[PDB]
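Take a look at this one chain, the form deposited in one PDB entry, written out in structure tokens.
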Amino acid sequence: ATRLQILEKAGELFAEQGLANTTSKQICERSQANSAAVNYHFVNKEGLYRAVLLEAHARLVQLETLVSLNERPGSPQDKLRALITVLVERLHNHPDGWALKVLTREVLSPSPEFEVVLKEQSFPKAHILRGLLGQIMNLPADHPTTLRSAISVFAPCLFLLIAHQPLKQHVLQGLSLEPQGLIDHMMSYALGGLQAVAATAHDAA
């Protein structure tokens, strides 16, 4: 509970100010925990920051959730639809959170904790997506066309999660963020794009 409270408040502060502009003292005030209770649970600020980035990644989408939807019966098209659904619903239920802010800050100015998150969270999660796209296209999960398709499929969800508000009110005025309409668009678009790049890969080979 003290561990989770420290994690939550440090997440909010790192999202607002970034690691460089965040003090051990600010974290203790917002958290209302002592320096020694921080040092006990997280060793130091760098260890707490690592825990924050790992939590932030889990809040975007839990690896256990992806494994579950990957292992249940269904066509890879149905599983893709459930994976997309997860990201789109995050847009509807957490438009406000700190997780994507702290991850985006990390991509712009990588700390030494960045590799850990990329290896333990980003890799296996992308891997599950690559295995679904590979089945849909009949290509290996690490085929260059599958690697590029992962960007094609995941990036639109990530852009919406980060930029929904300036998009809806200044750039794409009239954009509905109603989840079903976005899921349907993303699924129809992805299956059409994956069919087209699969065709060229299968003629090259």
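Just so we're on the same page, rigid core means the largest C-alpha set that superposes within 1.5 Å between forms. Numbers for residues come from their place in the sequence shown, where the first is 1.
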| query | finding |
| --- | --- |
| 187-195 or 14-22, whichever carries the higher mean Cα B-factor | 14-22 |
| Mean Cα B-factor comparison, 143-151 or 60-68, giving the higher one as deposited | 60-68 |
| Selection from 137, 167, 157, 43 [criterion: highest C-alpha temperature factor in the record] | 43 |
| CA B-factor ranking of residue 104, expressed as a third of its chain | middle |
| For residue 90, the third of its chain into which the C-alpha B factor falls | middle |
| Ranked C-alpha temperature factor of residue 172 among modelled chain residues, by third | lowest |
| B-factor third for the C-alpha atom of residue 38 within its chain | highest |
| Residue 77 CA temperature factor, ranked by third within the chain | lowest |
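As for the form deposited in another entry, it is not shown, yet the points below apply to it.
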| query | finding |
| --- | --- |
| Out of 153, 139, 161, 60, the residue that alone shifts its CA by 2 Å or more between the shown form and the other one when the rigid core is the reference | 60 |
| Per-residue C-alpha change between the shown form and the other one, residue 100, threshold 2 Å, rigid core fit | yes |
| Large Cα move at residue 122 between the shown form and the other one, threshold 2 Å, rigid core | yes |
| Residue 184: Cα shift of 2 Å or greater between the shown form and the other one (core-aligned) | no |
| Note on residue 50-residue 129 C-alpha separation in the other form, which departs from the shown form by 3 angstroms or more | farther |
| Comparison of CA distance in the other form with shown form for residue 79, residue 58, at least 3 Å | farther |
